[PDB]
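Some notes on the structure that comes next.
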Amino acid sequence: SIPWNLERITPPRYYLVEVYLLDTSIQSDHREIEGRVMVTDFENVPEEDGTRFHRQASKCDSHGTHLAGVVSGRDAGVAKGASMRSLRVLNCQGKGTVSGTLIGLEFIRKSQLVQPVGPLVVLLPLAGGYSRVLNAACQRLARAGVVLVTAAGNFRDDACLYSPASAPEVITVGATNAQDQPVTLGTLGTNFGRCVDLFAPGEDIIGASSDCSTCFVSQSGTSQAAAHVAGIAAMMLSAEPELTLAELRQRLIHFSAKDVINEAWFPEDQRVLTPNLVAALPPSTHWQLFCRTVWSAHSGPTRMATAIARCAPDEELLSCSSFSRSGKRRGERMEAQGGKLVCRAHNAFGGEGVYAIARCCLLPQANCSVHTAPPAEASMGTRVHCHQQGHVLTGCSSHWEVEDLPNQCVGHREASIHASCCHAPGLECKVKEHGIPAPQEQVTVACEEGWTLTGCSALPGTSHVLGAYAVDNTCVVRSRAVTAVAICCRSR
Amino acid sequence: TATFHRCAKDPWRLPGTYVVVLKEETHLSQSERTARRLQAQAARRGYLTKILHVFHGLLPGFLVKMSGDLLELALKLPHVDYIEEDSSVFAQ
């Protein structure tokens, strides 16, 4: 009897916060949201297109009411018992402006300072093209502590091309149907790739119907997927009110359904980038180390091409890796940019381009530093290690300027090695290894239950190795004597 | 001089309305004055401008309904970081 979506986000063992909704007008008197929603005096919408607008037939409150119904709705809502605040940024015709959205996002910041401290989620079930300002406004609100949940987009495209979806300091949500598949919307459907954080139910989603006080309707779209995540964040923040956006994202990622989505629907070039996660509520109130994989945008087939993967300011970059489908790569380095560690990967001369893959973690009181060693050209190879007491190796990195090749990093004799050494309370790190004599496509080693993967690496032996990347807690080494080297860490 | 930014999706552009973003650390007073300077700079050139909003709290900047012919003049303005042309956002 329970809707498949609510049933899906619920784990097998199954919970103050204000949810701002920036959308269309809402039916505040609907049974589902009456008492739960407070319609603000705010409204900044563009004039409807007259030539196609008949006010008497137009149900102006269809999008928003359904969404508010997904987040807080009594009978078919995600987080039943969530304070909601409606803002009109879109007209009857579901159209708004970047300028209107900015004023609204300013209004939320104005409310935040005036009202006394408390958790607050912001739901943006809208998309436009990439807007440098709209992203800057979100980045400013996120820094202010607000949890922003945006929809990925219904254009069957790279989410990085649309705003607010592209802003990296906002949770971006894709849409998946009943059979854990990416939602098709007309000839298009859910957006994908690098900018999408996770997916959530987005097809046949039952919520409030503004047609009458008690009627319901099933709607499909990334807005609906974004509403589920908003509800889950509101559910989470209700129990841990001090949670940062970085903190909430890291938990959202962790508690999601891993490897459900039949990736086939996504373009091949996006599959590896697009995360295979489906939103799910954590099973309890609540120490553990959380790590996410941060793929960067393709370097480009250029000669001096470089790819840059970076973490949220609140996060520590424990390891950096690179990947190239062609196999042509010059390695990767852990450098500093704007006073913070960054994962920069260089492209090999004839190469189609490279990918830089960072491993961003939440480590409290961590003193993390990069130990670099130049290649000396020895029978053993290039080595570097954490000399400082209480400083643990969290991950290796290695790059080579050439074209043809115990708490320590070992690389190629021609390559300059880069080790990451962290000092954190009760942090302990072990290295897991796994090899195959003649690879088929990939070799994988994964950290055991309790241990978090901080550093994924390929043993410098095989020339033809496409790259190495961390998938959840599994070190994956794509190889078209390949040994996968995992750096497993934990705190007690 | 600052930079100009338009939406990449051409049918989603909304020219004639620009978000003038000022440099980080610009006080409301400086934002206010700059918006009034643009109006006068344009006025002298025989142009009508409408300051719709002056951002105070999230971004230092303002909202101007003006001719795109004034963009080069607007770009040379003090404390300007960049100017982004307004564009459409849609229900998802």
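Going by the structure tokens order, chains are called A, B, ..., each with residues numbered from 1, while ligands are numbered from 1 in the order shown.
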Starting from chain B, keep only residues with some atom at most 6 Å from an atom of chain A, counting only C-alpha atoms, and report them as a list in words.
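Listing them in order of chain and number gives residues 7, 58, 86, 87, 88, 89, 90, 91 and 92 of chain B.
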So which residues of region 141-322 of chain A fall under strand (DSSP E) by DSSP, listed as a ChimeraX atom specification?
/A:147-151,162-163,171-176,184-185,188-189,198-201,205-208,216-219,257-258,277-278,290-295,306-310,316-322
Can you pull out every residue within 7 Å of residue 5 (chain B), counting only C-alpha atoms, but drop anything in the same chain fewer than 3 positions away, and send it as a PyMOL selection string?
chain B and resi 83-85
Could the residues in this selection be saved with C-alpha atoms as a CSV table (one decimal), in the first residue's frame?
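Written out: part-v4.csv:
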chain,number,residue,atom,x,y,z
B,83,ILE,CA,28.3,41.2,-15.7
B,84,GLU,CA,26.1,38.3,-16.5
B,85,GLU,CA,23.1,38.7,-18.8
Against region 359-373 of chain A, which residues of region 220-276 of chain A fall within 9 Å? For each one I want the closest pair of atoms and the distance in Å (one decimal), counting only C-alpha atoms, rows by chain and increasing residue number, as a Markdown table.
| residue | atom | partner | partner_atom | distance |
| --- | --- | --- | --- | --- |
| A:246 | CA | A:362 | CA | 8.1 |
| A:247 | CA | A:362 | CA | 7.4 |
| A:250 | CA | A:362 | CA | 8.1 |
Exercise: residue 438 (chain A) partners within 12 Å, only C-alpha atoms, chain neighbours under 3 positions left out, as a PyMOL selection string:
chain A and resi 435+441-443+462+464+479-483
Write the residues of the preceding selection, restricted to N, CA, C and O atoms, as a PDB file, in the first residue's frame.
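The resulting out-v4.pdb:
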ATOM      1  N   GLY A 435      46.476  -9.057  -6.984  1.00  0.00           N
ATOM      2  CA  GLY A 435      47.047  -9.183  -8.314  1.00  0.00           C
ATOM      3  C   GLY A 435      46.482 -10.316  -9.142  1.00  0.00           C
ATOM      4  O   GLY A 435      45.921 -11.278  -8.608  1.00  0.00           O
ATOM      5  N   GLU A 441      40.204  -7.239 -18.023  1.00  0.00           N
ATOM      6  CA  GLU A 441      39.696  -5.880 -18.172  1.00  0.00           C
ATOM      7  C   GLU A 441      40.033  -4.998 -16.988  1.00  0.00           C
ATOM      8  O   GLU A 441      40.268  -3.795 -17.159  1.00  0.00           O
ATOM      9  N   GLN A 442      40.060  -5.601 -15.769  1.00  0.00           N
ATOM     10  CA  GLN A 442      40.357  -4.922 -14.499  1.00  0.00           C
ATOM     11  C   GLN A 442      40.694  -5.870 -13.334  1.00  0.00           C
ATOM     12  O   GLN A 442      40.221  -7.004 -13.301  1.00  0.00           O
ATOM     13  N   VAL A 443      41.484  -5.376 -12.367  1.00  0.00           N
ATOM     14  CA  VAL A 443      41.848  -6.079 -11.131  1.00  0.00           C
ATOM     15  C   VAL A 443      41.308  -5.208 -10.001  1.00  0.00           C
ATOM     16  O   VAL A 443      41.462  -3.982 -10.050  1.00  0.00           O
ATOM     17  N   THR A 462      53.132  -2.902 -14.921  1.00  0.00           N
ATOM     18  CA  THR A 462      52.552  -2.984 -16.265  1.00  0.00           C
ATOM     19  C   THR A 462      52.539  -1.603 -16.926  1.00  0.00           C
ATOM     20  O   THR A 462      52.131  -0.621 -16.295  1.00  0.00           O
ATOM     21  N   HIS A 464      50.870  -0.941 -19.979  1.00  0.00           N
ATOM     22  CA  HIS A 464      49.500  -0.769 -20.429  1.00  0.00           C
ATOM     23  C   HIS A 464      48.474  -0.958 -19.311  1.00  0.00           C
ATOM     24  O   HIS A 464      47.969  -2.062 -19.075  1.00  0.00           O
ATOM     25  N   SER A 479      42.663  -2.225 -16.914  1.00  0.00           N
ATOM     26  CA  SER A 479      43.827  -2.696 -17.665  1.00  0.00           C
ATOM     27  C   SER A 479      43.446  -3.487 -18.913  1.00  0.00           C
ATOM     28  O   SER A 479      43.285  -4.716 -18.855  1.00  0.00           O
ATOM     29  N   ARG A 480      43.318  -2.764 -20.047  1.00  0.00           N
ATOM     30  CA  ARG A 480      42.979  -3.265 -21.389  1.00  0.00           C
ATOM     31  C   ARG A 480      43.917  -4.406 -21.832  1.00  0.00           C
ATOM     32  O   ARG A 480      43.532  -5.575 -21.809  1.00  0.00           O
ATOM     33  N   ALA A 481      50.758  -8.787 -15.289  1.00  0.00           N
ATOM     34  CA  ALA A 481      50.942  -8.862 -13.838  1.00  0.00           C
ATOM     35  C   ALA A 481      50.398  -7.601 -13.130  1.00  0.00           C
ATOM     36  O   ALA A 481      51.112  -6.965 -12.351  1.00  0.00           O
ATOM     37  N   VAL A 482      49.127  -7.250 -13.408  1.00  0.00           N
ATOM     38  CA  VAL A 482      48.457  -6.072 -12.843  1.00  0.00           C
ATOM     39  C   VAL A 482      48.015  -6.309 -11.391  1.00  0.00           C
ATOM     40  O   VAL A 482      47.210  -7.208 -11.120  1.00  0.00           O
ATOM     41  N   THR A 483      48.552  -5.492 -10.465  1.00  0.00           N
ATOM     42  CA  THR A 483      48.240  -5.567  -9.043  1.00  0.00           C
ATOM     43  C   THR A 483      47.631  -4.256  -8.564  1.00  0.00           C
ATOM     44  O   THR A 483      48.212  -3.188  -8.770  1.00  0.00           O
TER      45      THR A 483
END
Any chance you could list, as a PyMOL selection string, the residues in region 138-210 of chain A that come up alpha helix (DSSP H) when DSSP is run on the backbone?
chain A and resi 138-143
Written file, previous selection with N, CA and C atoms, as a short mmCIF file (atom, residue, chain, number, x, y, z; two decimals), in the first residue's frame:
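Ended up saving to again.cif:
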data_model
loop_
_atom_site.label_atom_id
_atom_site.label_comp_id
_atom_site.auth_asym_id
_atom_site.auth_seq_id
_atom_site.Cartn_x
_atom_site.Cartn_y
_atom_site.Cartn_z
N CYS A 138 24.81 30.13 -4.69
CA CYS A 138 24.65 28.86 -3.98
C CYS A 138 25.87 28.59 -3.11
N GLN A 139 27.09 28.80 -3.67
CA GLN A 139 28.36 28.62 -2.98
C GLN A 139 28.39 29.50 -1.72
N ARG A 140 27.89 30.75 -1.82
CA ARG A 140 27.81 31.66 -0.69
C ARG A 140 26.83 31.15 0.37
N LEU A 141 25.63 30.67 -0.04
CA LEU A 141 24.64 30.09 0.88
C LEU A 141 25.13 28.80 1.57
N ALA A 142 25.88 27.96 0.83
CA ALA A 142 26.41 26.72 1.36
C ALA A 142 27.43 27.05 2.43
N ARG A 143 28.29 28.07 2.17
CA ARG A 143 29.30 28.55 3.12
C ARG A 143 28.61 29.08 4.35
#
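The coordinates place CA of residue 458 (chain A) at 27.4 Å from CA of residue 256 (chain A).
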Tell me which of B:66, B:48, B:43, B:59 sits closest to residue 81 (chain B), counting only C-alpha atoms.
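Between B:66, B:48, B:43, B:59, the residue approaching residue 81 (chain B) most closely is B:59.
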